[PDB]
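S.K.:
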Amino acid sequence: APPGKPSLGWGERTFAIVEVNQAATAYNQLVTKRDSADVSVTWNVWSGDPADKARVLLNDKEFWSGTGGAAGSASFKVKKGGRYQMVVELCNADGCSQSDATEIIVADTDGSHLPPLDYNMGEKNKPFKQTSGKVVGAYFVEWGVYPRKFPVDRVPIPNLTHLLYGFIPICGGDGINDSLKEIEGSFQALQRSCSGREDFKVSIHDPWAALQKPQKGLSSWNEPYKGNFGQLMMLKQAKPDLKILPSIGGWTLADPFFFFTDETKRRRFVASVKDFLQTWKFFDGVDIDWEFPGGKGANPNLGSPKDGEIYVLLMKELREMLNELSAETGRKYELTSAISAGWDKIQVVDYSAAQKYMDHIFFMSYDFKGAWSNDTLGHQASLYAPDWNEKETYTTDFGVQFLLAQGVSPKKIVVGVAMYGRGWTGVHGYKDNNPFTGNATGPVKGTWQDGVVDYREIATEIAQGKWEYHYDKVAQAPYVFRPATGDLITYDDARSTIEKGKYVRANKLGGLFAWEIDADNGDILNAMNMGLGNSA
Ligand SMILES: *[C@@H]1O[C@H](CO)[C@@H](O)[C@H](O)[C@H]1NC(C)=O
Ligand SMILES: *[C@@H]1O[C@H](CO)[C@@H](O)[C@H](O)[C@H]1NC(C)=O
């Protein structure tokens, strides 16, 4: 005659290892990284021996032992998230009794409590299989969920191996992150998020988009993690082998890096990064987009020859930080970086020395030519130099060789692909029907900001005959031209992306990567894995 069947009393059945204040605007008030979740039960058997023994069972393995007996309560620690079956067991001299199981959710940024992401392969995306063994990466921007309507559930995930999340900002006010003042509302936004937080620690530029904004699958009022991070958690559960990296910096956010000559700040940075990774477990390492060591970035008042040395010390300590994290986590972390393809910026850093600590070098072989000049027109992301300009040194090919010349091993170089277009308007005074010899009166009409056009748009407008398509066979780069208004646009397409693929394969490079994922209709990513020799 075992004791009576226990009846649990209702308490909340959702707990969080990492807690998120779904109503905060600062980062310190937003997230609490805890080491374990506190789970509490309350049960009751009417008229029972209170000296009976009692156990709480999560998925039929024991988590708590006591007496309880009749009308009892138990609290305990759980260190790994998931969806559990909770049972309270009573025990006397004859046998045991169990209660009807109830499901609880221990949430963790692991994604353990979540189902796999439900993704979309819309548009011209065809499913591939990562048989190449080569890197196929793409950038996902944080702000892409507002007027772009590109949530994480729209990423064609079977066609990537790595995924870069842009961007992770670094705390700091006046002087430290002045580059954000160029973009409306951004500086004020970071300052809100970094309020009460020491400068030179990592944070989140937009807490709403990252963790609070309701997207597909995460609409509930009681979802601990939502937004982009929420869906990124659902992604590691769809494709566990898909590397998801956080990108720190970028063009308008790289300003604080120039202060890392200071031992004190660089150690505080690396520290906050370590916690950042423990706080957000779906990440698989660190990506550093310092633009650029030495200068020539957004801020004209920042830069130093000594920057090249601090770049090599930052990666040495970041690697060590990840090493002693692998120790504790038992996991592997990738350390990567997006560097310039300009030889004048490559010079500053000894990448042959930095490569010891790194895995992947995202060679930004794009943005060579743009609307920031009226009379220097050219190819933005061409492979080689054009016929009319043989001594062009800002090409994909030249930069790679220049980087290889340092002593960098080719397996670590990941060539960049442009999923967008840089353009001009009012091109005039050109010769031989070659618009690049002409000059422009301004930037072309842009998709979001003028001077930049999404490939999605370009491809559509070509099929409507609103453009003239030309392909430079020598430089391996397409462009479109409208003789009337004098509009000229540089970009990458299917053809040139394949040739970047052949180049990587022939020269035994690392693979390809694209900026940005939402500017594609599926044609360039397809060219990316056909060119790298993937399977369909
Ligand atoms: C291009 O030309 C227009 C008018 O000639 C001028 O307003 C603009 O500042 C120029 N842009 C650059 C980058 O020189
Ligand atoms: C374009 O601008 C440059 C500026 O130095 C000038 O030398 C050149 O003649 C211009 N080309 C035309 C076709 O006006």
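Just so we're aligned, residue 18 is where the sequence shown starts under the UniProt record's numbering, counting upward by one. Don't be surprised by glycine CBs; every beta carbon is placed ideally from N, CA and C.
Am I right that residue 124 and residue 32 are in contact with their C-beta atoms under 8 Å? What's the rounded C-beta distance?
M.R.: Locating residue 124 in the sequence shown gives position 107, counting from the first residue. Locating residue 32 in the sequence shown gives position 15, counting from the first residue. About 7 Å separates the two Cβ atoms, so the contact holds.
S.K.: Assess, as a yes-or-no matter, whether the stretch 414-425 is touched by the stretch 372-381 under the definition of 3 or more beta carbon pairs within less than 8 Å.
M.R.: Yes, since at least three Cβ pairs between the stretch 372-381 and the stretch 414-425 fall closer than 8 Å, the two stretches touch.
S.K.: Which whole-angstrom value is the C-beta distance of residue 126 and residue 298, which I expect to be below 8 Å?
M.R.: Sequence index remark: in the sequence shown, residue 126 carries index 109 (1-based). Sequence index remark: in the sequence shown, residue 298 carries index 281 (1-based). At roughly 5 Å, the Cβ-Cβ gap stays under 8 Å, so residue 126 and residue 298 are in contact.
S.K.: In whole angstroms, what is the alpha-carbon distance linking residue 292 and residue 212?
M.R.: Along the sequence shown, one-based indexing puts residue 292 at 275. Along the sequence shown, one-based indexing puts residue 212 at 195. Spanning the two alpha carbons is a distance of roughly 18 Å.
S.K.: Go to residue 338, then tell me how far its alpha helix (DSSP H) extends in each direction, as first and last residue.
M.R.: Within the sequence shown, the letter at position 321 stands for residue 338. Note, residue 338: alpha helix (DSSP H), 324-346.
S.K.: Got a list of residues with beta-carbon closer than 6 Å to any non-hydrogen atom of ligand 2, in chain order?
M.R.: Result: 392, 446, 455 and 456.
S.K.: Taking the runs of the alpha helix (DSSP H) that are 4 residues or longer, which of them lie wholly in the stretch 447-517?
M.R.: Segments of the alpha helix (DSSP H) lying fully in the stretch 447-517: 472-480.
S.K.: With a threshold of 8 Å on Cβ separation, who are the neighbours of residue 146 within its own chain once the five nearest residues in sequence on each side are excluded?
M.R.: Your numbering for residue 146 matches position 129 in the sequence shown. Taken in chain order, the residues that qualify are 175, 551, 552 and 553.
S.K.: Residue 26 and residue 65 - do their beta-carbons sit closer together than 8 Å?
M.R.: Residue 65 sits at position 48 when you count from the first residue of the sequence shown. Residue 26 sits at position 9 when you count from the first residue of the sequence shown. Cβ distance not < 8 Å, so residue 65 and residue 26 don't count as in contact.
S.K.: Check residue 201 in the structure and name its three-state DSSP category.
M.R.: Position 184 of the sequence shown, counting from 1, holds the residue named residue 201. Coil at residue 201, not helix or strand.
S.K.: Please find out if some non-hydrogen atom of ligand 1 comes closer than 7 Å to the beta-carbon of residue 458.
M.R.: Taking the first residue of the sequence shown as position 1, residue 458 is located at position 441. It does: the Cβ of residue 458 is within 7 Å (strictly closer) of some heavy atom of ligand 1.
S.K.: Can you determine whether any heavy atom of ligand 1 sits closer than 7 Å to the C-beta of residue 484, and answer yes or no?
M.R.: Residue numbering aside, residue 484 sits at position 467 when the sequence shown is read from its first letter. Checking the Cβ of residue 484 against ligand 1 gives no.
S.K.: Which same chain residues, not among the five before or five after residue 327, have their C-beta less than 6 Å away from its C-beta?
M.R.: As a first step, residue 327 is located in the sequence shown; it is residue number 310 there, counting from the start. Same-chain partners within the cutoff: 277 and 278.
S.K.: Between which two residues does the beta strand (DSSP E) holding residue 435 run?
M.R.: On the sequence shown, residue 435 is found 418 positions in, with the first residue counted as 1. Taken as a continuous stretch (DSSP letters only), the beta strand (DSSP E) holding residue 435 covers 430-435.
S.K.: Who are the near neighbours of residue 88 in its chain, counting only those whose CB is closer than 7 Å to its CB and skipping five residues on each side?
M.R.: Taking the first residue of the sequence shown as position 1, residue 88 is located at position 71. Within the same chain, residue 88 has close Cβ partners 61.
S.K.: Near residue 309, what residues of its chain come up, given a Cβ to Cβ distance below 7 Å and the 5 sequence neighbours on each side ignored?
M.R.: Indexing the sequence shown from 1 puts residue 309 at position 292. Counting only Cβ-Cβ distances below 7 Å, and skipping sequence neighbours, we find 357 and 362.
S.K.: Give a yes or no on contact between the stretch 437-455 and the stretch 502-518, applying the rule of three or more CB pairs nearer than 8 Å.
M.R.: Result yes; three or more Cβ-Cβ pairs closer than 8 Å.
S.K.: Fully enclosed by the stretch 27-84, which beta strand (DSSP E) runs are 3 residues long or longer?
M.R.: The stretch 27-84 contains these whole beta strand (DSSP E) runs: 31-33, 35-37, 48-50, 54-61, 70-75 and 78-83.
S.K.: How is residue 18 classed by DSSP in three states: helix, strand or coil?
M.R.: Position 1 of the sequence shown, counting from 1, holds the residue named residue 18. Coil at residue 18, not helix or strand.
S.K.: I'd like to check one pair, residue 351 with residue 302: are the Cβ atoms closer than 8 Å?
M.R.: Within the sequence shown, numbered from 1, the residue matching residue 302 stands at position 285. Within the sequence shown, numbered from 1, the residue matching residue 351 stands at position 334. It is a contact, given that the beta carbons lie within the stated cut-off.
S.K.: Between the Cα of residue 315 and those of 86, 269, 76 and 142, spot the shortest distance and give me the residue it belongs to.
M.R.: Looking up residue 315 in the sequence shown gives position 298. It is 269.
S.K.: Using only the alpha-carbon positions, how far apart do residue 67 and residue 58 sit?
M.R.: Locating residue 67 in the sequence shown gives position 50, where the first residue counts as 1. Locating residue 58 in the sequence shown gives position 41, where the first residue counts as 1. Those two C-alpha atoms are separated by around 16 Å.
S.K.: Going along the chain, which unbroken runs of the alpha helix (DSSP H) with 4 or more residues stay wholly within the stretch 255-289?
M.R.: With a minimum length of 4 residues, no continuous alpha helix (DSSP H) run stays inside the stretch 255-289.
S.K.: Return helix, strand or coil for residue 195, following the three-state DSSP convention.
M.R.: In the sequence shown, the residue the question calls residue 195 occupies position 178. In this structure, residue 195 counts as helix in the three-state DSSP scheme.
S.K.: Does the Cβ of residue 245 have 16 or more other Cβ atoms within 10 Å, making it buried, or fewer, making it exposed?
M.R.: The count along the sequence shown starts at 1 and reaches residue 245 at position 228. That one is buried.
S.K.: When DSSP labels each residue in this structure, what does residue 369 get in the three-state scheme?
M.R.: Position 352 of the sequence shown, counted from the first residue, corresponds to residue 369. If DSSP states are grouped into helix, strand and coil, residue 369 belongs with the helices.
S.K.: Just grab the DSSP bridge partners of residue 92 for me.
M.R.: On the sequence shown, residue 92 is found 75 positions in, with the first residue counted as 1. DSSP lists 57 as partners of residue 92.
S.K.: Check whether the Cβ atoms of residue 155 and residue 105 lie closer than 8 Å to each other.
M.R.: Taking the first residue of the sequence shown as position 1, residue 155 is located at position 138. Taking the first residue of the sequence shown as position 1, residue 105 is located at position 88. It is not a contact, given that the beta carbons lie outside the stated cut-off.
S.K.: Less than 8 Å separating the beta-carbons of residue 542 and residue 142?
M.R.: Stepping through the sequence shown from its first residue, residue 542 is reached at position 525. Stepping through the sequence shown from its first residue, residue 142 is reached at position 125. The answer is yes: Cβ separation under 8 Å.
S.K.: Taking the C-alpha atoms as reference points, what is the distance between residue 117 and residue 24?
M.R.: Within the sequence shown, numbered from 1, the residue matching residue 117 stands at position 100. Within the sequence shown, numbered from 1, the residue matching residue 24 stands at position 7. Near 7 Å, if we compare the C-alpha coordinates of residue 24 and residue 117.
S.K.: Going by DSSP, which residues form a beta bridge with residue 352?
M.R.: For the purposes of this step, residue 352 is identified with residue 335 of the sequence shown, where counting begins at 1. Bridge partners of residue 352: 303.
S.K.: Determine, using beta-carbon pairs with one atom in the stretch 323-341 and one in the stretch 486-495, whether at least three such pairs fall under 8 Å.
M.R.: Flag = no, the stretch 323-341 and the stretch 486-495 do not touch.
S.K.: Using only the alpha-carbon positions, how far apart do residue 392 and residue 456 sit?
M.R.: Taking the sequence shown and counting its residues from 1, one reaches residue 392 at position 375. Taking the sequence shown and counting its residues from 1, one reaches residue 456 at position 439. If I take the Cα positions, the gap works out to 4 Å.
S.K.: Three-state secondary structure (DSSP) at residue 106?
M.R.: In the sequence shown, counting from the first residue as 1, residue 106 sits at position 89. Strand, per DSSP.
S.K.: Can at least three beta-carbon pairs, one atom from the stretch 468-475 and one from the stretch 407-414, be found at a separation below 8 Å?
M.R.: The stretch 468-475 is not in contact with the stretch 407-414.
S.K.: Tell me, please, which residues DSSP counts as bridged to residue 232.
M.R.: For the purposes of this step, residue 232 is identified with residue 215 of the sequence shown, where counting begins at 1. According to DSSP, which records beta bridges pairwise, residue 232 is partnered with 235.
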